[PDB]
Structure formats: C-alpha cells, structure tokens
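Dropping run-v9.csv in here (CSV, C-alpha atoms):
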```
chain,number,residue,atom,x,y,z
A,2,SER,CA,19.4,5.8,52.2
A,3,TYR,CA,22.4,3.9,53.4
A,4,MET,CA,22.3,6.2,56.5
A,5,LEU,CA,19.1,4.5,57.8
A,6,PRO,CA,19.4,0.8,58.7
A,7,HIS,CA,17.1,-2.0,57.4
A,8,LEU,CA,15.3,-4.7,59.2
A,9,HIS,CA,15.8,-8.2,57.5
A,10,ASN,CA,13.5,-10.4,59.5
A,11,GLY,CA,10.2,-9.9,61.3
A,12,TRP,CA,12.0,-10.8,64.5
A,13,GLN,CA,14.3,-7.8,63.9
A,14,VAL,CA,11.0,-5.7,63.7
A,15,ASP,CA,9.6,-6.9,67.0
A,16,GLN,CA,12.7,-6.6,69.2
A,17,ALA,CA,13.4,-3.2,67.7
A,18,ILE,CA,9.9,-2.0,68.8
A,19,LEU,CA,10.4,-3.4,72.3
A,20,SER,CA,14.0,-2.3,73.2
A,21,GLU,CA,13.5,1.4,72.6
A,22,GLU,CA,11.7,2.6,75.6
A,23,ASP,CA,12.1,6.3,75.5
A,24,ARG,CA,11.7,7.2,71.8
A,25,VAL,CA,9.3,6.7,69.0
A,26,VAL,CA,10.0,3.8,66.7
A,27,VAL,CA,9.2,4.9,63.2
A,28,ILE,CA,9.0,2.3,60.4
A,29,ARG,CA,8.6,2.7,56.7
A,30,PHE,CA,6.9,-0.4,55.2
A,31,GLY,CA,7.4,-0.6,51.5
A,32,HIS,CA,9.7,-2.0,48.8
A,33,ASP,CA,13.0,-0.7,47.3
A,34,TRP,CA,11.9,-0.4,43.7
A,35,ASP,CA,8.9,1.8,44.4
A,36,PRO,CA,8.7,5.4,43.2
A,37,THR,CA,7.1,6.6,46.3
A,38,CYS,CA,9.0,4.4,48.7
A,39,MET,CA,12.2,5.9,47.5
A,40,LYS,CA,11.0,9.4,48.0
A,41,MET,CA,10.1,8.9,51.6
A,42,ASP,CA,13.3,7.0,52.2
A,43,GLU,CA,14.9,10.4,51.4
A,44,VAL,CA,12.8,12.8,53.4
A,45,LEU,CA,13.3,10.5,56.4
A,46,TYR,CA,17.0,10.0,56.1
A,47,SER,CA,17.6,13.8,56.1
A,48,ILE,CA,15.5,14.1,59.2
A,49,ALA,CA,16.8,11.1,61.2
A,50,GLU,CA,19.7,12.9,62.7
A,51,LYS,CA,17.9,16.0,64.0
A,52,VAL,CA,15.5,13.8,65.8
A,53,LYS,CA,17.8,11.1,67.2
A,54,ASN,CA,17.0,12.2,70.7
A,55,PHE,CA,13.2,11.4,70.6
A,56,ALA,CA,12.7,9.2,67.5
A,57,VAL,CA,14.4,6.2,66.1
A,58,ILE,CA,13.9,5.2,62.5
A,59,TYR,CA,14.1,1.9,60.6
A,60,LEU,CA,13.3,0.5,57.2
A,61,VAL,CA,11.3,-2.6,56.3
A,62,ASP,CA,10.3,-4.2,53.0
A,63,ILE,CA,7.0,-5.9,52.4
A,64,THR,CA,8.7,-8.5,50.2
A,65,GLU,CA,11.5,-9.3,52.8
A,66,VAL,CA,9.0,-9.7,55.6
A,67,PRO,CA,5.4,-10.4,54.6
A,68,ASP,CA,4.4,-11.7,58.0
A,69,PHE,CA,3.0,-8.3,59.0
A,70,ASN,CA,0.8,-7.8,56.0
A,71,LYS,CA,-2.5,-9.1,57.2
A,72,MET,CA,-2.4,-8.0,60.8
A,73,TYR,CA,-1.7,-4.3,60.1
A,74,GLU,CA,-3.2,-4.6,56.7
A,75,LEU,CA,-0.7,-3.1,54.3
A,76,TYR,CA,-1.7,-1.8,50.9
A,77,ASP,CA,-0.1,0.5,48.5
A,78,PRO,CA,3.6,1.3,48.1
A,79,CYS,CA,4.4,2.2,51.7
A,80,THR,CA,3.0,2.9,55.1
A,81,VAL,CA,4.6,4.9,57.9
A,82,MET,CA,3.7,3.3,61.3
A,83,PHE,CA,4.6,4.7,64.7
A,84,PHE,CA,5.1,2.8,67.8
A,85,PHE,CA,5.7,3.9,71.4
A,86,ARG,CA,6.0,1.3,74.3
A,87,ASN,CA,4.5,-1.5,72.1
A,88,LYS,CA,1.4,0.6,71.6
A,89,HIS,CA,0.6,1.4,68.0
A,90,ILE,CA,0.1,5.1,67.8
A,91,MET,CA,-2.5,6.8,65.8
A,92,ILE,CA,-3.0,10.2,64.1
A,93,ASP,CA,-5.6,11.9,62.0
A,94,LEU,CA,-4.1,13.8,59.1
A,95,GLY,CA,-7.5,14.7,57.8
A,96,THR,CA,-7.0,11.9,55.3
A,97,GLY,CA,-9.7,9.5,56.5
A,98,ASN,CA,-7.5,6.7,57.8
A,99,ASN,CA,-6.2,7.4,61.3
A,100,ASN,CA,-3.9,4.4,61.3
A,101,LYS,CA,-0.4,4.8,59.9
A,102,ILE,CA,0.5,7.2,57.2
A,103,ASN,CA,0.4,6.9,53.5
A,104,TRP,CA,0.9,10.0,51.5
A,105,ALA,CA,4.3,11.5,50.8
A,106,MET,CA,4.8,14.6,53.1
A,107,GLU,CA,6.3,17.6,51.3
A,108,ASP,CA,8.6,19.6,53.5
A,109,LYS,CA,11.3,18.5,56.0
A,110,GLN,CA,9.8,20.9,58.5
A,111,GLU,CA,6.2,19.7,58.3
A,112,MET,CA,7.5,16.2,58.8
A,113,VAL,CA,9.4,17.1,62.0
A,114,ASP,CA,6.3,18.7,63.5
A,115,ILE,CA,4.3,15.6,63.0
A,116,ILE,CA,6.9,13.4,64.7
A,117,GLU,CA,7.2,15.9,67.5
A,118,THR,CA,3.4,16.2,67.9
A,119,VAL,CA,3.0,12.4,68.0
A,120,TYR,CA,5.7,12.0,70.6
A,121,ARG,CA,4.5,14.8,72.8
A,122,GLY,CA,0.9,13.7,72.8
A,123,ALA,CA,2.0,10.1,73.0
A,124,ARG,CA,4.1,10.7,76.1
A,125,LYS,CA,0.8,11.4,77.9
A,126,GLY,CA,-0.8,8.1,76.9
A,127,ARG,CA,-3.1,9.8,74.5
A,128,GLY,CA,-3.9,7.5,71.6
A,129,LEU,CA,-4.9,10.1,69.2
A,130,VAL,CA,-3.2,13.2,68.3
A,131,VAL,CA,-3.9,15.8,65.7
A,132,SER,CA,-1.6,16.5,62.9
A,133,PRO,CA,-1.5,20.3,62.8
A,134,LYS,CA,-1.6,20.3,59.0
A,135,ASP,CA,-4.4,18.1,57.6
A,136,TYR,CA,-3.6,16.8,54.1
A,137,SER,CA,-7.0,15.3,53.3
A,138,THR,CA,-6.9,17.3,50.1
A,139,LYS,CA,-3.4,16.1,49.3
A,140,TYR,CA,-4.2,12.4,49.6
B,6,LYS,CA,21.6,-1.2,67.4
B,7,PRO,CA,22.7,-4.4,69.3
B,8,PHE,CA,19.8,-6.6,68.2
B,9,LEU,CA,20.4,-5.6,64.6
B,10,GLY,CA,23.6,-7.6,64.9
B,11,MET,CA,22.4,-10.9,66.4
B,12,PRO,CA,20.4,-12.8,63.7
B,13,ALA,CA,18.5,-15.6,65.5
B,14,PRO,CA,14.9,-16.2,66.3
B,15,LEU,CA,13.2,-18.8,68.4
B,16,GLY,CA,11.0,-20.6,65.8
B,17,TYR,CA,8.7,-17.7,66.6
B,18,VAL,CA,5.9,-15.9,64.8
B,19,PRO,CA,6.2,-12.1,64.9
B,20,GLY,CA,2.6,-11.1,65.8
B,21,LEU,CA,2.2,-13.2,68.9
B,22,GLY,CA,5.4,-12.4,70.8
B,23,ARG,CA,5.1,-8.7,71.0
B,24,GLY,CA,1.4,-9.0,72.0
B,25,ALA,CA,0.1,-7.9,68.6
B,26,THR,CA,-3.3,-6.3,67.7
B,27,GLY,CA,-4.6,-5.7,64.2
B,28,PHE,CA,-5.8,-2.2,64.9
B,108,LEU,CA,-2.5,-33.5,37.4
B,109,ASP,CA,0.1,-30.7,37.6
B,110,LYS,CA,1.9,-32.2,34.6
B,111,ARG,CA,-1.3,-32.3,32.6
B,112,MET,CA,-2.0,-28.6,33.6
B,113,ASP,CA,1.5,-27.7,32.4
B,114,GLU,CA,0.9,-29.5,29.1
B,115,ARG,CA,-2.4,-27.7,28.6
B,116,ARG,CA,-0.7,-24.3,29.3
B,117,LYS,CA,2.0,-25.2,26.8
B,118,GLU,CA,-0.6,-26.0,24.2
B,119,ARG,CA,-1.4,-22.3,24.5
B,120,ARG,CA,2.0,-20.6,24.6
B,121,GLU,CA,2.8,-22.5,21.4
B,136,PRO,CA,19.0,1.5,34.3
B,137,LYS,CA,19.5,4.8,32.5
B,138,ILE,CA,21.5,6.2,35.3
B,139,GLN,CA,23.7,3.2,35.4
B,140,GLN,CA,24.2,3.4,31.6
B,141,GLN,CA,25.2,7.1,32.0
B,142,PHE,CA,27.7,6.3,34.8
B,143,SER,CA,28.6,2.7,34.3
B,144,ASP,CA,30.8,4.0,31.4
B,145,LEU,CA,32.7,6.1,34.0
B,146,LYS,CA,33.0,3.2,36.4
B,147,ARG,CA,35.0,1.2,33.9
B,148,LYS,CA,37.1,4.3,33.6
B,149,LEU,CA,38.0,4.1,37.3
B,150,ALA,CA,39.4,0.5,37.1
B,151,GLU,CA,42.9,2.0,36.4
B,152,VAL,CA,43.5,3.6,39.8
B,153,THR,CA,46.2,2.2,42.1
B,154,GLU,CA,45.7,0.9,45.7
B,155,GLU,CA,48.1,3.4,47.2
B,156,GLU,CA,46.1,6.3,45.7
B,157,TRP,CA,42.9,4.7,47.0
B,158,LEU,CA,44.4,5.0,50.5
B,159,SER,CA,45.9,8.5,50.3
B,160,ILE,CA,42.6,10.2,49.8
B,161,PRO,CA,41.8,13.3,51.8
B,162,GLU,CA,39.0,12.5,54.1
B,163,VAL,CA,36.7,15.0,55.5
B,164,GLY,CA,36.7,18.4,54.0
B,165,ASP,CA,34.2,20.9,54.8
B,166,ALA,CA,33.9,24.0,52.6
B,167,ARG,CA,31.1,25.9,54.0
C,502,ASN,CA,-20.9,-24.7,39.8
C,503,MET,CA,-17.5,-23.3,38.7
C,504,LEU,CA,-18.0,-20.1,40.4
C,505,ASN,CA,-19.2,-21.7,43.6
C,506,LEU,CA,-16.2,-24.0,43.6
C,507,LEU,CA,-13.9,-21.0,43.4
C,508,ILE,CA,-15.7,-19.3,46.3
C,509,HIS,CA,-15.4,-22.5,48.3
C,510,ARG,CA,-11.6,-22.4,48.0
C,511,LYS,CA,-11.7,-19.1,50.0
C,512,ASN,CA,-13.9,-20.9,52.5
C,513,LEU,CA,-16.3,-18.0,52.6
C,514,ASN,CA,-19.3,-19.9,53.7
C,515,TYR,CA,-21.2,-16.8,54.7
C,516,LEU,CA,-21.1,-15.6,51.1
C,517,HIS,CA,-23.8,-17.5,49.1
C,518,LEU,CA,-24.7,-17.7,45.5
C,519,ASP,CA,-28.4,-18.3,44.6
C,520,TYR,CA,-29.7,-19.9,41.4
C,521,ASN,CA,-30.1,-16.6,39.6
C,522,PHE,CA,-26.5,-15.7,40.3
C,523,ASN,CA,-27.1,-13.1,43.0
C,524,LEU,CA,-24.3,-13.0,45.5
C,525,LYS,CA,-25.6,-12.8,49.0
C,526,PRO,CA,-23.4,-12.4,52.1
C,527,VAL,CA,-24.8,-13.3,55.5
C,528,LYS,CA,-22.6,-11.0,57.6
C,529,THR,CA,-20.2,-8.1,57.2
C,530,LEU,CA,-16.5,-9.2,56.7
C,531,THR,CA,-13.8,-8.2,59.1
C,532,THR,CA,-10.9,-6.3,57.7
C,533,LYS,CA,-8.8,-9.3,57.1
C,534,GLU,CA,-11.8,-11.0,55.3
C,535,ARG,CA,-12.4,-7.9,53.3
C,536,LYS,CA,-8.8,-7.9,52.1
C,537,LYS,CA,-8.8,-11.5,51.1
C,538,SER,CA,-12.2,-11.3,49.4
C,539,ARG,CA,-11.1,-8.6,47.1
C,540,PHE,CA,-11.4,-9.6,43.5
C,541,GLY,CA,-11.2,-8.4,39.9
C,542,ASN,CA,-14.1,-7.5,37.6
C,543,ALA,CA,-14.2,-10.9,36.0
C,544,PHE,CA,-15.6,-12.8,39.0
C,545,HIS,CA,-18.3,-10.1,39.1
C,546,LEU,CA,-18.2,-10.1,35.3
C,547,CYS,CA,-18.3,-13.9,35.0
C,548,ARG,CA,-21.2,-14.0,37.3
C,549,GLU,CA,-23.2,-11.4,35.4
C,550,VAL,CA,-22.5,-13.0,32.0
C,551,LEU,CA,-23.8,-16.3,33.4
C,552,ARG,CA,-26.9,-14.4,34.7
C,553,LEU,CA,-27.5,-13.2,31.2
C,554,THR,CA,-27.4,-16.7,29.8
C,555,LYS,CA,-29.6,-18.0,32.5
C,556,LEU,CA,-32.2,-15.4,31.5
C,557,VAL,CA,-32.1,-16.5,27.9
C,558,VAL,CA,-32.1,-20.2,28.6
C,559,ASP,CA,-34.9,-20.0,31.1
C,560,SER,CA,-37.0,-18.2,28.6
C,561,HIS,CA,-36.6,-21.2,26.2
C,562,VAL,CA,-37.3,-23.6,29.1
C,563,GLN,CA,-40.6,-21.9,29.8
C,564,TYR,CA,-41.0,-22.0,26.0
C,565,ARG,CA,-40.6,-25.8,26.1
C,566,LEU,CA,-43.2,-26.0,28.9
C,567,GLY,CA,-45.3,-23.3,27.2
C,568,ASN,CA,-44.7,-20.4,29.7
C,569,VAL,CA,-42.6,-18.7,27.0
C,570,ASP,CA,-44.6,-17.3,24.1
C,571,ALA,CA,-44.0,-17.5,20.3
C,572,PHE,CA,-44.6,-13.8,20.8
C,573,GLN,CA,-44.2,-13.3,24.5
C,574,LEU,CA,-40.8,-15.1,24.4
C,575,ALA,CA,-39.6,-12.8,21.6
C,576,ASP,CA,-40.7,-9.7,23.5
C,577,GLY,CA,-38.9,-11.0,26.6
C,578,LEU,CA,-35.7,-11.5,24.7
C,579,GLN,CA,-35.8,-7.9,23.3
C,580,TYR,CA,-36.5,-6.7,26.8
C,581,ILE,CA,-33.6,-8.5,28.2
C,582,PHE,CA,-31.1,-7.3,25.8
C,583,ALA,CA,-32.3,-3.7,26.1
C,584,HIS,CA,-32.3,-3.9,29.9
C,585,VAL,CA,-28.9,-5.4,30.5
C,586,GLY,CA,-27.4,-2.5,32.5
C,587,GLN,CA,-30.6,-2.5,34.5
C,588,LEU,CA,-30.5,-6.3,34.7
C,589,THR,CA,-26.9,-6.9,35.7
C,590,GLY,CA,-24.8,-4.2,37.3
C,591,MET,CA,-21.7,-4.9,35.2
C,592,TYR,CA,-21.0,-1.2,34.8
C,593,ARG,CA,-20.4,-0.8,38.5
C,594,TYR,CA,-17.2,-2.6,38.3
C,595,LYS,CA,-16.1,-1.4,34.9
C,596,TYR,CA,-17.5,1.9,33.9
C,597,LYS,CA,-16.4,1.9,30.3
C,598,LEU,CA,-19.5,-0.7,30.1
C,599,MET,CA,-21.2,2.5,29.5
C,600,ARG,CA,-20.4,1.8,25.8
C,601,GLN,CA,-22.8,-1.1,25.8
C,602,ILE,CA,-25.4,0.7,27.9
C,603,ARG,CA,-25.5,3.6,25.4
C,604,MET,CA,-25.8,1.1,22.5
C,605,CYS,CA,-28.8,-0.5,24.2
C,606,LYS,CA,-30.4,2.9,24.8
C,607,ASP,CA,-30.1,3.6,21.0
C,608,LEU,CA,-31.4,0.3,20.0
C,609,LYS,CA,-34.3,0.7,22.4
C,610,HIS,CA,-35.1,4.0,20.6
C,611,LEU,CA,-34.8,2.4,17.2
C,612,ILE,CA,-36.9,-0.6,17.8
D,57,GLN,CA,-10.7,-40.5,15.0
D,58,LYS,CA,-12.5,-39.5,18.2
D,59,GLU,CA,-15.8,-40.9,17.2
D,60,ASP,CA,-18.3,-39.2,19.4
D,61,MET,CA,-20.5,-40.4,22.3
D,62,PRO,CA,-24.1,-41.2,21.5
D,63,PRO,CA,-25.7,-38.8,24.0
D,64,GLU,CA,-26.4,-40.4,27.4
D,65,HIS,CA,-22.7,-40.9,28.1
D,66,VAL,CA,-22.2,-37.2,28.8
D,67,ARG,CA,-25.5,-37.0,30.6
D,68,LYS,CA,-24.4,-39.6,33.1
D,69,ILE,CA,-20.9,-38.3,33.5
D,70,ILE,CA,-22.0,-34.9,34.5
D,71,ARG,CA,-24.7,-36.3,36.8
D,72,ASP,CA,-22.1,-38.4,38.6
D,73,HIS,CA,-19.6,-35.5,39.1
D,74,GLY,CA,-22.2,-33.0,40.4
D,75,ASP,CA,-20.7,-32.1,43.8
D,76,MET,CA,-18.8,-28.8,43.5
D,77,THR,CA,-15.9,-29.9,45.6
D,78,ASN,CA,-14.6,-33.4,45.2
D,79,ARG,CA,-11.7,-35.0,46.9
D,80,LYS,CA,-11.5,-37.3,43.9
D,81,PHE,CA,-12.1,-34.8,41.1
D,82,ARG,CA,-8.6,-33.9,42.3
D,83,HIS,CA,-6.6,-33.8,39.1
D,84,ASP,CA,-9.5,-31.8,37.6
D,85,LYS,CA,-8.6,-29.3,40.3
D,86,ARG,CA,-5.2,-28.4,38.9
D,87,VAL,CA,-6.2,-29.3,35.4
D,88,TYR,CA,-9.6,-27.6,35.7
D,89,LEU,CA,-8.1,-24.2,36.5
D,90,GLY,CA,-5.7,-24.6,33.6
D,91,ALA,CA,-8.6,-25.2,31.2
D,92,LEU,CA,-10.5,-22.1,32.4
D,93,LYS,CA,-9.8,-19.8,29.5
D,94,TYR,CA,-12.3,-21.7,27.3
D,95,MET,CA,-15.5,-21.0,29.2
D,96,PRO,CA,-16.2,-17.8,27.4
D,97,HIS,CA,-15.6,-19.7,24.2
D,98,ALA,CA,-18.4,-22.1,25.1
D,99,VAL,CA,-20.7,-19.2,25.8
D,100,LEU,CA,-20.1,-17.7,22.3
D,101,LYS,CA,-20.9,-20.9,20.6
D,102,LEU,CA,-24.0,-21.4,22.6
D,103,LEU,CA,-25.4,-17.9,22.0
D,104,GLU,CA,-24.7,-17.8,18.3
D,105,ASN,CA,-26.9,-20.8,17.8
D,106,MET,CA,-30.1,-19.5,19.4
D,107,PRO,CA,-33.1,-21.2,17.8
D,108,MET,CA,-34.9,-18.2,16.1
D,109,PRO,CA,-38.5,-17.3,16.8
D,110,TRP,CA,-40.0,-19.6,14.1
D,111,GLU,CA,-38.4,-22.7,15.5
D,112,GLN,CA,-39.8,-24.7,18.3
```

Could you rewrite the structure in this file as structure tokens?
Amino acid sequence: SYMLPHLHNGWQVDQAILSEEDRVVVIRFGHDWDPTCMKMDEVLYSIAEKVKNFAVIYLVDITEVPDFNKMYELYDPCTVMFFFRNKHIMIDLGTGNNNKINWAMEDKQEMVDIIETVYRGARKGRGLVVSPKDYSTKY
Amino acid sequence: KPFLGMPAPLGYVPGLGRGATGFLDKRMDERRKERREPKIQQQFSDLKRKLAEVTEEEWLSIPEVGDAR
Amino acid sequence: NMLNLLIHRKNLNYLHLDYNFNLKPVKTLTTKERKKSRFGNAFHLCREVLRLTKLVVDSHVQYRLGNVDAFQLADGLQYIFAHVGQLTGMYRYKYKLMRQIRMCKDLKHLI
Amino acid sequence: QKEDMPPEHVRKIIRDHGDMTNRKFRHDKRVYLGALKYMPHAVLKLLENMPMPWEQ
C-alpha cells in the first residue's frame, strides 16, 4: 500500500488527471478502513510497476475529499475510475453499470488485461470498450 | 509526481476547473438529555516493545538489499 | 404537516403529498436528485401509518355526519384492518411486514 | 401544578401556527426535530381509545 501514493486534496486529483497525457490515470475512490477497499489496494499495488509505462495509479479517500461524491455519484466502499486526456472512460464488465468499476477483481492477470484493453481501445478515442471477461454473475 | 509535492490551490472548486461532467439548539440538547438519562497490533505490539532495546549503531549497520531467489 | 415540512427541507417541490398520504412526483429525478432523495423505511413507514389512522378517523367523521354506519362503520373497520397490506404498501420497503400480512390473512379466515 | 387549558386555547394555537414552514416557528425547528420520537407514542394513545361500536 505504501508503494502507491495518495491524493490529499481534490486539487491534487484534478491536476493529476490533467498532467498525465500519455497514460491512463487510474483512481481508487474509497476509505482506508474498508474490507474491500484494502483488498483492491493490494491487487493494484502489485500491478502498478508492471504497468508503469501505460498506466498511472493513485489513491483517494471519500472522507478526505468528498467534493467528488455527487458529480460522479459514489456509493459503496470503492470505485475504480479511469481517465485518459480528461475524458472519463467507460467499460462494460457485464455488470450493468458501465461507469467506473465496483467489484473486486480476482487475479492479477485479469486485472492487467482490463487496463490494457481500456488503454488500447481508449487510444483510438473509443468511449466504450469491452472487458473480455464479463463478471455480471460475480457482482 | 511534481504536483504531489506543491500543496496550494487557488480558492478553486474541483469540478469546474477540469471541465467536469457527471456522466432553540440549547432546548433541543436539553430534550435529548432528558432521554439519555486491533488483534494484529495486540499480537505484535508486544514484540514492538521488545525492540525498544536496540542501539542506533546497530540500526545503521543493517544489510540492505538481499535477494535470495 | 410534519411529513410535508420534512419534504420541504429537501426543496423537492415536484414531489407532492395529497390528503390521503399518497406521494406523487411530477417528474423523474436526475441522478443527483435520486441520490439525495433516498430515504429509510420510516418516511415511507411513517406515511403509511398516518394513512391507516386517516382511514380510521375518516370513518368516524363520516359517522358523525352519518355517512359511517352503526353497522357499515364496523364492517369498514374490519375491512381496513384485514386489508392493510392491500391498503398500504409497507411490505414493499420492509419485507418482514409479511408477518403482519399473514396474521391478517388468518384473522380474515377466522372472522 | 400545570393546570390544564380549557379547550379553545389549543384549538387557537394550532390554527395560528398552521403553515408548514415558518420563519418564526424557528426554535420549533431545532426543537421540533428533537421531540420527534414521541409521534408514535401519540398514535398509540389515540388508537387504544377508539370509541367502540355502541358509542356515538
């Protein structure tokens, strides 16, 4: 967890989305105490190095910055939200909400595919992508 | 991570700048009153006290980066 | 009045409450409105309990004016208590309500 | 002892304070929410005193 940095103001969130031109900006929105927001914080931290060349990761806490709760509508322990060139990206995991991510993904590998898929599709301006594995059943 | 370092906003709202898209009291208190009227750390913590002893020279001379596989 | 005052604090003018405690909304609520309007069973529960009392009281009111009947009134009251699941909707928000519903079914059979 | 009002005193008070939102019923606002756990209580006392079918 101490690998991955944290964002302590909503102004750290916004500049961080802007200044990274060439890579995804992946953010976990959720709060330290949570059962499920700790688990994801692991599965990302392990992956963050492998992917440094196309994706950048950060951590944010709903309690630290609540400014973003209404606009993106944040419910539940945590939401993974992908950004490329200020454009909110979007993917269908078969789960019935195409915005963000909720459920906890299981393998390191299946997580890297999703990041890679989003980036590759995203690079072409495509706003939707399809997660190869569709965990509607899972979540 | 240069921005991470800096620390100052303009007195600015987060949503707007990026270009964001969303996809008597005393009496009450009195009334209220009239009504009122971890494991891991425990396991370890005990070890952590154990550490206290160690000298500052030893803290320095600690081997640094050993790979065994 | 209490429930409407609560609603007013939200400022949700579109949502309206009629005199038989039916909540009517003029238009669909944006996502932000939907979030903010989310509430516990008690508002729904409070509203439905008041609806029950209004049924009872109105029966006596008609009774004062003669609409209610020494016999019709009594039958109405029995009807109301046996038809609460079918008169309110409480169970929607809290299923365990089923416990009352089943009791009313059984009393309906008995009586 | 809090000797009780005759009858009309409460009828007028309520009639005066009818509007749901009052700038003035301002310390009823904070206070009113605090005394919100006794509604249900009122209902119980109302219901248990229904008039019976032989009483006008």

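By all atoms listed in the file, and with residues fewer than 3 positions from range 28-110 of chain B along its chain excluded, the set lying at most 10 Å from it is residues 72, 73, 74, 89, 90, 91 and 100 of chain A; 25, 113, 114, 115 and 116 of chain B; 532 of chain C; 82, 83, 84, 85, 86, 87, 88 and 90 of chain D.
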
**Distance-based interface of chain C with chain A, 12 Å, counting only C-alpha atoms, as a ChimeraX atom specification** = /C:531-537

Residue neighbourhood residue 572 in chain C, 9 Å, all atoms listed in the file, exclusion window fewer than 4 positions, as a compact mmCIF listing (two decimals) with C-alpha atoms, in the frame of the given file:
```txt
# COMPACT_ATOMS: atom_id res chain seq x y z
CA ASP C 576 -40.70 -9.70 23.50
CA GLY C 577 -38.90 -11.00 26.60
CA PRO D 109 -38.50 -17.30 16.80
```

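Minimum distance to chain D across B:117, B:8, B:15, B:27 (counting all atoms listed in the file) occurs at B:117.
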
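Among the candidate residues D:61, D:92, D:66, D:76, the one lying nearest to chain C is D:76, with distances computed using all atoms listed in the file.
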
**Message:** I need the contact residues of chain B against chain A, so if you could list those with any atom within 12 Å, counting all atoms listed in the file, and return them as a PyMOL selection string, that would help.
**Reply:** chain B and resi 6-28+136

Kindly assemble as a tab-separated table a list of the chain C residues that lie within 8 Å of chain D, each paired with its nearest atom pair and their distance in Å to one decimal, using all atoms listed in the file, sorted first by chain and then by ascending residue number.
```
residue	atom	partner	partner_atom	distance
C:502	CA	D:76	CA	5.9
C:503	CA	D:76	CA	7.4
C:505	CA	D:76	CA	7.1
C:506	CA	D:76	CA	5.5
C:509	CA	D:77	CA	7.9
C:565	CA	D:112	CA	7.9
C:571	CA	D:109	CA	6.5
C:575	CA	D:109	CA	6.7
```

Can those selected residues be exported to a file as a PDB file, in the coordinates of the input so that it contains C-alpha atoms?
```pdb
ATOM      1  CA  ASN C 502     -20.900 -24.700  39.800  1.00  0.00           C
ATOM      2  CA  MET C 503     -17.500 -23.300  38.700  1.00  0.00           C
ATOM      3  CA  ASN C 505     -19.200 -21.700  43.600  1.00  0.00           C
ATOM      4  CA  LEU C 506     -16.200 -24.000  43.600  1.00  0.00           C
ATOM      5  CA  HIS C 509     -15.400 -22.500  48.300  1.00  0.00           C
ATOM      6  CA  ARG C 565     -40.600 -25.800  26.100  1.00  0.00           C
ATOM      7  CA  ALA C 571     -44.000 -17.500  20.300  1.00  0.00           C
ATOM      8  CA  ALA C 575     -39.600 -12.800  21.600  1.00  0.00           C
TER       9      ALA C 575
END
```

**Message:** At a cut-off of 10 Å, using all atoms listed in the file, what residues contact residue 610 in chain C? Leave out same-chain residues fewer than 5 positions from it and give the result as a count of residues only.
**Reply:** 3

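Relative to CA of residue 26 in chain A, CA of residue 4 in chain A is found at 16.2 Å.
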
**Asked** Mind pulling up the distance from CA of residue 584 in chain C to CA of residue 550 in chain C?
**Response**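 These two atoms are separated by 13.5 Å.
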
**Message:** Here's a test: counting only C-alpha atoms, identify every protein, DNA and RNA residue with an atom at most 12 Å from (1.4, 15.2, 68.1) in the file's coordinate frame, and state them as number ranges by chain.
**Reply:** A: 25, 83, 90-94, 111-134

Could you please take those selected residues and save C-alpha atoms as an mmCIF file, in the coordinates of the input?
```cif
data_model
loop_
_atom_site.group_PDB
_atom_site.id
_atom_site.type_symbol
_atom_site.label_atom_id
_atom_site.label_comp_id
_atom_site.auth_asym_id
_atom_site.auth_seq_id
_atom_site.Cartn_x
_atom_site.Cartn_y
_atom_site.Cartn_z
ATOM 1 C CA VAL A 25 9.300 6.700 69.000
ATOM 2 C CA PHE A 83 4.600 4.700 64.700
ATOM 3 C CA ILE A 90 0.100 5.100 67.800
ATOM 4 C CA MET A 91 -2.500 6.800 65.800
ATOM 5 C CA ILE A 92 -3.000 10.200 64.100
ATOM 6 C CA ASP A 93 -5.600 11.900 62.000
ATOM 7 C CA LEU A 94 -4.100 13.800 59.100
ATOM 8 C CA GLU A 111 6.200 19.700 58.300
ATOM 9 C CA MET A 112 7.500 16.200 58.800
ATOM 10 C CA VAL A 113 9.400 17.100 62.000
ATOM 11 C CA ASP A 114 6.300 18.700 63.500
ATOM 12 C CA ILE A 115 4.300 15.600 63.000
ATOM 13 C CA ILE A 116 6.900 13.400 64.700
ATOM 14 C CA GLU A 117 7.200 15.900 67.500
ATOM 15 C CA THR A 118 3.400 16.200 67.900
ATOM 16 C CA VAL A 119 3.000 12.400 68.000
ATOM 17 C CA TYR A 120 5.700 12.000 70.600
ATOM 18 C CA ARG A 121 4.500 14.800 72.800
ATOM 19 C CA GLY A 122 0.900 13.700 72.800
ATOM 20 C CA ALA A 123 2.000 10.100 73.000
ATOM 21 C CA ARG A 124 4.100 10.700 76.100
ATOM 22 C CA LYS A 125 0.800 11.400 77.900
ATOM 23 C CA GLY A 126 -0.800 8.100 76.900
ATOM 24 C CA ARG A 127 -3.100 9.800 74.500
ATOM 25 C CA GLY A 128 -3.900 7.500 71.600
ATOM 26 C CA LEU A 129 -4.900 10.100 69.200
ATOM 27 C CA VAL A 130 -3.200 13.200 68.300
ATOM 28 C CA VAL A 131 -3.900 15.800 65.700
ATOM 29 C CA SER A 132 -1.600 16.500 62.900
ATOM 30 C CA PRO A 133 -1.500 20.300 62.800
ATOM 31 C CA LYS A 134 -1.600 20.300 59.000
#
```

**Message:** Just the number, please: distance in Å from CA of residue 98 in chain A to CA of residue 79 in chain A, one decimal.
**Reply:**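 These two atoms are separated by 14.1 Å.
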
**Near-residue 44 in chain A list (12 Å; only C-alpha atoms; drop same-chain fewer than 6 positions) as a PyMOL selection string** = chain A and resi 2+4-5+29+37-38+50+58+105-113

Could range 586-595 of chain C be completed with N, CA and C atoms and returned as a compact mmCIF listing (two decimals), in the frame of the given file?
```
# COMPACT_ATOMS: atom_id res chain seq x y z
N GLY C 586 -28.00 -3.32 31.43
CA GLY C 586 -27.40 -2.50 32.50
C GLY C 586 -28.27 -2.53 33.70
N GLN C 587 -29.57 -2.45 33.45
CA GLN C 587 -30.60 -2.50 34.50
C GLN C 587 -30.95 -3.93 34.93
N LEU C 588 -30.36 -4.94 34.31
CA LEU C 588 -30.50 -6.30 34.70
C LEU C 588 -29.29 -6.85 35.37
N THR C 589 -28.12 -6.32 35.07
CA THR C 589 -26.90 -6.90 35.70
C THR C 589 -26.31 -6.01 36.73
N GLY C 590 -25.58 -5.01 36.31
CA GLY C 590 -24.80 -4.20 37.30
C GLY C 590 -23.33 -4.24 36.90
N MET C 591 -23.01 -4.79 35.74
CA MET C 591 -21.70 -4.90 35.20
C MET C 591 -20.89 -3.59 35.33
N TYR C 592 -21.55 -2.54 34.88
CA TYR C 592 -21.00 -1.20 34.80
C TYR C 592 -20.44 -0.67 36.10
N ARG C 593 -20.90 -1.25 37.19
CA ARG C 593 -20.40 -0.80 38.50
C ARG C 593 -18.94 -1.02 38.57
N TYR C 594 -18.52 -2.16 38.08
CA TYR C 594 -17.20 -2.60 38.30
C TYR C 594 -16.28 -2.18 37.18
N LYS C 595 -16.87 -1.92 36.03
CA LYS C 595 -16.10 -1.40 34.90
C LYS C 595 -16.80 -0.30 34.13
```
